[PDB]
file run_30.txt (compact mmCIF, C-alpha atoms (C1' of nucleotides))
# COMPACT_ATOMS: atom_id res chain seq x y z
CA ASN K 7 -83.51 12.33 25.84
CA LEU K 8 -84.14 8.99 27.52
CA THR K 9 -84.90 8.58 31.18
CA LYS K 10 -82.81 6.66 33.65
CA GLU K 11 -85.24 3.81 34.15
CA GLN K 12 -85.07 3.33 30.39
CA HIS K 13 -81.28 3.59 30.76
CA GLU K 14 -81.08 0.83 33.35
CA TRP K 15 -83.77 -1.26 31.67
CA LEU K 16 -82.34 -1.34 28.17
CA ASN K 17 -78.89 -1.27 29.76
CA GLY K 18 -79.59 -4.62 31.41
CA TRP K 19 -81.05 -5.84 28.13
CA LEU K 20 -77.83 -4.94 26.34
CA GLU K 21 -75.84 -6.58 29.10
CA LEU K 22 -77.54 -9.95 28.69
CA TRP K 23 -77.69 -9.25 24.98
CA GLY K 24 -73.95 -8.73 24.56
CA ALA K 25 -73.22 -11.51 27.03
CA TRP K 26 -75.42 -13.70 24.86
CA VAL K 27 -73.89 -12.70 21.52
CA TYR K 28 -70.26 -12.61 22.59
CA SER K 29 -70.34 -16.28 23.52
CA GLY K 30 -70.83 -16.84 19.78
CA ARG K 31 -74.44 -18.00 19.76
CA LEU K 32 -75.44 -15.67 16.93
CA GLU K 33 -75.24 -16.39 13.22
CA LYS K 34 -73.56 -14.61 10.31
CA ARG K 35 -76.92 -13.74 8.77
CA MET K 36 -77.79 -11.00 11.27
CA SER K 37 -75.04 -8.71 10.03
CA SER K 38 -71.74 -8.87 8.23
CA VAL K 39 -70.68 -6.42 10.92
CA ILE K 40 -71.86 -8.81 13.62
CA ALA K 41 -69.98 -11.37 11.55
CA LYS K 42 -67.04 -8.94 11.58
CA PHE K 43 -67.13 -8.86 15.37
CA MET K 44 -67.37 -12.65 15.47
CA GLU K 45 -64.25 -12.62 13.29
CA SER K 46 -62.67 -10.91 16.30
CA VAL K 47 -63.15 -13.44 19.09
CA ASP K 60 -81.40 -17.24 22.75
CA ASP K 61 -84.37 -15.74 20.98
CA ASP K 62 -84.00 -12.77 23.31
CA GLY K 63 -80.60 -12.00 21.83
CA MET K 64 -81.83 -12.60 18.29
CA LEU K 65 -84.91 -10.40 18.74
CA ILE K 66 -82.79 -7.61 20.20
CA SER K 67 -80.13 -8.31 17.56
CA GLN K 68 -82.75 -7.68 14.89
CA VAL K 69 -83.67 -4.49 16.77
CA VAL K 70 -80.13 -3.17 17.21
CA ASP K 71 -79.03 -4.27 13.75
CA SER K 72 -82.14 -2.63 12.32
CA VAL K 73 -81.60 0.75 13.99
CA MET K 74 -77.78 0.85 14.10
CA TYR K 75 -77.48 -0.89 10.73
CA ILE K 76 -76.74 2.35 8.95
CA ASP K 77 -73.72 3.67 10.86
CA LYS K 78 -71.78 0.49 11.79
CA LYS K 79 -69.07 2.48 13.54
CA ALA K 80 -70.98 3.26 16.71
CA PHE K 81 -72.55 -0.15 16.23
CA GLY K 82 -69.08 -1.65 16.50
CA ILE K 83 -68.43 0.67 19.44
CA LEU K 84 -71.64 -0.64 20.95
CA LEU K 85 -70.34 -4.17 20.57
CA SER K 86 -67.06 -3.08 22.14
CA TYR K 87 -68.82 -1.71 25.19
CA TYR K 88 -71.50 -4.32 25.64
CA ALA K 89 -70.43 -7.45 23.80
CA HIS K 90 -66.81 -7.22 24.84
CA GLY K 91 -67.21 -5.18 28.00
CA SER K 92 -64.66 -2.42 27.51
CA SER K 93 -64.29 0.68 29.62
CA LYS K 94 -65.38 4.00 28.17
CA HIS K 95 -62.01 5.54 28.93
CA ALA K 96 -60.07 3.05 26.87
CA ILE K 97 -62.48 3.48 23.97
CA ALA K 98 -62.01 7.23 23.99
CA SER K 99 -58.31 6.60 24.48
CA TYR K 100 -57.89 4.58 21.27
CA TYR K 101 -60.35 6.96 19.60
CA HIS K 102 -58.11 9.85 20.51
CA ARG K 103 -55.27 7.74 19.16
CA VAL K 104 -56.90 7.37 15.75
CA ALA K 105 -57.76 11.06 15.59
CA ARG K 106 -57.43 13.21 12.52
CA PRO K 107 -57.14 16.99 12.41
CA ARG K 108 -60.54 18.62 12.03
CA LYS K 109 -62.14 22.07 12.08
CA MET K 110 -63.49 22.97 15.51
CA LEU K 111 -64.26 26.45 16.92
CA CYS K 112 -62.16 25.69 19.88
CA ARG K 113 -61.34 27.13 23.27
CA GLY K 114 -58.15 27.69 21.31
CA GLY K 115 -59.75 28.58 18.00
CA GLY K 116 -60.97 27.51 14.58
CA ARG K 117 -57.56 26.18 13.59
CA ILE K 118 -57.27 22.65 12.27
CA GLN K 119 -55.73 20.10 14.60
CA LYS K 120 -56.18 16.86 16.47
CA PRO K 121 -58.71 17.27 19.29
CA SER K 122 -58.17 16.64 22.96
CA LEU K 123 -58.94 13.57 24.98
CA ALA K 124 -61.84 15.09 26.89
CA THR K 125 -63.48 16.01 23.61
CA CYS K 126 -63.22 12.37 22.58
CA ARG K 127 -64.76 11.43 25.92
CA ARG K 128 -67.62 13.83 25.18
CA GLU K 129 -68.08 12.23 21.78
CA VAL K 130 -68.24 8.70 23.12
CA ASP K 131 -70.76 9.96 25.66
CA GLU K 132 -72.98 11.65 23.11
CA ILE K 133 -72.77 8.82 20.62
CA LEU K 134 -73.71 6.59 23.52
CA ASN K 135 -76.70 8.71 24.48
CA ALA K 136 -77.82 9.13 20.88
CA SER K 137 -77.26 5.45 20.17
CA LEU K 138 -79.35 4.34 23.16
CA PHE K 139 -81.83 7.07 22.31
CA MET K 140 -82.34 5.76 18.78
CA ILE K 141 -82.51 2.17 19.96
CA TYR K 142 -85.03 2.47 22.83
CA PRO K 143 -88.50 2.74 21.19
CA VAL K 144 -87.57 -0.13 18.88
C1' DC L 1 -87.08 63.87 10.10
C1' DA L 2 -85.27 59.28 9.28
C1' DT L 3 -81.55 55.82 9.22
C1' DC L 4 -77.44 53.52 9.38
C1' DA L 5 -72.86 52.84 10.28
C1' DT L 6 -70.40 52.52 13.96
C1' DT L 7 -68.81 52.10 18.16
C1' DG L 8 -69.61 49.30 22.95
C1' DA L 9 -71.24 45.18 25.30
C1' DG L 10 -72.00 41.03 26.59
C1' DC L 11 -73.56 36.09 25.64
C1' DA L 12 -74.09 30.78 24.12
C1' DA L 13 -71.81 27.26 22.13
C1' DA L 14 -68.21 24.91 22.29
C1' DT L 15 -63.82 22.95 24.06
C1' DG L 16 -59.40 22.15 26.32
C1' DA L 17 -57.36 21.34 30.54
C1' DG L 18 -58.54 19.46 35.09
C1' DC L 19 -60.10 17.15 39.59
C1' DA L 20 -61.20 14.13 43.07
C1' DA L 21 -62.36 9.90 44.29
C1' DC L 22 -62.44 5.12 44.16
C1' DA L 23 -60.58 0.85 42.50
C1' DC L 24 -57.63 -2.10 40.93
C1' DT L 25 -52.70 -4.23 40.04
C1' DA L 26 -47.49 -3.94 39.27
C1' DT L 27 -43.73 -3.48 41.65
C1' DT L 28 -40.93 -3.38 45.48
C1' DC L 29 -39.38 -4.52 49.98
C1' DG L 30 -38.35 -7.32 53.58
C1' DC L 31 -37.74 -11.61 55.67
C1' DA L 32 -35.19 -17.26 55.36
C1' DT L 33 -32.33 -21.05 54.12
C1' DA L 34 -29.63 -26.00 59.68
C1' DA L 35 -23.67 -31.62 58.88
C1' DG L 36 -19.41 -28.26 57.85
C1' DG L 37 -16.85 -23.78 55.75
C1' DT L 38 -13.34 -19.66 62.12
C1' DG L 39 -6.53 -14.20 59.82
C1' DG L 40 -5.69 -10.34 52.19
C1' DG L 41 -3.62 -9.11 48.92
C1' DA L 42 -1.81 -6.58 45.73
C1' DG L 43 1.40 -3.72 47.39
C1' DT L 44 6.57 -0.51 42.81
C1' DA L 45 11.01 -0.89 42.79
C1' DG L 46 14.33 4.12 36.40
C1' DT L 47 13.57 11.25 39.63
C1' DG L 48 15.55 15.32 41.43
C1' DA L 49 15.70 19.71 43.84
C1' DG L 50 14.40 22.06 47.47
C1' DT L 51 12.45 23.41 51.75
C1' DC L 52 10.49 22.87 56.29
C1' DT L 53 10.42 20.08 60.40
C1' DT L 54 11.79 17.07 63.89
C1' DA L 55 15.07 14.21 66.27
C1' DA L 56 19.03 13.08 67.80
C1' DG L 57 23.81 13.63 68.52
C1' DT L 58 27.37 16.44 70.26
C1' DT L 59 29.33 19.98 72.95
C1' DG L 60 30.66 24.24 75.51
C1' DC L 61 29.80 25.85 80.10
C1' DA L 62 28.40 27.10 84.65
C1' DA L 63 26.97 25.92 89.49
call {"tool": "encode", "arguments": {"input": "run_30.txt", "output": "structure tokens"}}
result
Amino acid sequence: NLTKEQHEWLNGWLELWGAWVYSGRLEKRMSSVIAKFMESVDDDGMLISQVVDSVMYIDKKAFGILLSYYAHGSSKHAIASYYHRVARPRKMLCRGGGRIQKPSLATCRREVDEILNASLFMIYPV
DNA sequence: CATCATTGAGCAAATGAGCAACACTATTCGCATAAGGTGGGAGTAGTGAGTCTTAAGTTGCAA
């Protein structure tokens, strides 16, 4: 797990990073997913963009979520809201049981939280 | 003599439903408008039979 100084440090880096990118100052060549986000609208931001694209290159879903939170500046609650909207029925050993249904909102909140913590966790040493 | 099935027993992991607390915005509510404007209007018209109640008119009748 990361610490909280690392949280605030790299948090501020992703704040100026997403504020830098979202103005449109980044090129297509960094990612086609970064290009995808730029279809939906300095060396610091390009260095970090190589970092974040390098680590979060492989998932692209939480990478897009990461752009939604930092580049766009969206609240966590709306992200888990739409994410609960796009939910499919899954197998979970629930408080209810191992039946197969669409999960609750608070579960989706937990998932945005843990994909946040794991995302930041995988970014930080890079 | 050993062992295991077999009956209790409780737990972590996970999750679904909240909670309070702040913070922000949509909606709603309440007040103002300076030349002058000083008695409504539709109201049905072809029911009849009865019954109770006043209201008034008349009329013995007694001091």
call {"tool": "residues_near_point", "arguments": {"input": "run_30.txt", "point": "(-70.7, 10.0, 24.5)", "cutoff": "12 Å", "atoms": "only C-alpha atoms (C1' of nucleotides)", "output": "ChimeraX atom specification"}}
result
/K:80,83-84,87,94-95,97-98,101,124-139
call {"tool": "interface_residues", "arguments": {"input": "run_30.txt", "of": "chain L", "to": "chain K", "cutoff": "8 Å", "atoms": "all atoms listed in the file", "output": "PyMOL selection string"}}
result
chain L and resi 14-16
call {"tool": "closest_residue", "arguments": {"input": "run_30.txt", "among": "K:88, K:69, K:143, K:93", "to": "residue 17 (chain K)", "atoms": "all atoms listed in the file"}}
result
K:88
call {"tool": "atom_distance", "arguments": {"input": "run_30.txt", "atom1": "CA of residue 62 (chain K)", "atom2": "CA of residue 24 (chain K)"}}
result
10.9 Å
call {"tool": "atom_distance", "arguments": {"input": "run_30.txt", "atom1": "CA of residue 35 (chain K)", "atom2": "CA of residue 71 (chain K)"}}
result
10.9 Å
call {"tool": "residues_around", "arguments": {"input": "run_30.txt", "residues": "residue 91 (chain K)", "least_positions_apart": "6", "cutoff": "9 Å", "atoms": "only C-alpha atoms (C1' of nucleotides)", "output": "PyMOL selection string"}}
result
chain K and resi 21+24-25+85
call {"tool": "residues_near_point", "arguments": {"input": "run_30.txt", "point": "(-85.8, -10.3, 28.9)", "cutoff": "9 Å", "atoms": "all atoms listed in the file", "output": "list in words"}}
result
residues 18, 19, 22, 62 and 63 of chain K
call {"tool": "atom_distance", "arguments": {"input": "run_30.txt", "atom1": "CA of residue 119 (chain K)", "atom2": "CA of residue 105 (chain K)"}}
result
9.3 Å
call {"tool": "residues_around", "arguments": {"input": "run_30.txt", "residues": "residue 68 (chain K)", "least_positions_apart": "2", "cutoff": "12 Å", "atoms": "all atoms listed in the file", "output": "PyMOL selection string"}}
result
chain K and resi 23+32-33+35-37+40+61-66+70-75+141+144
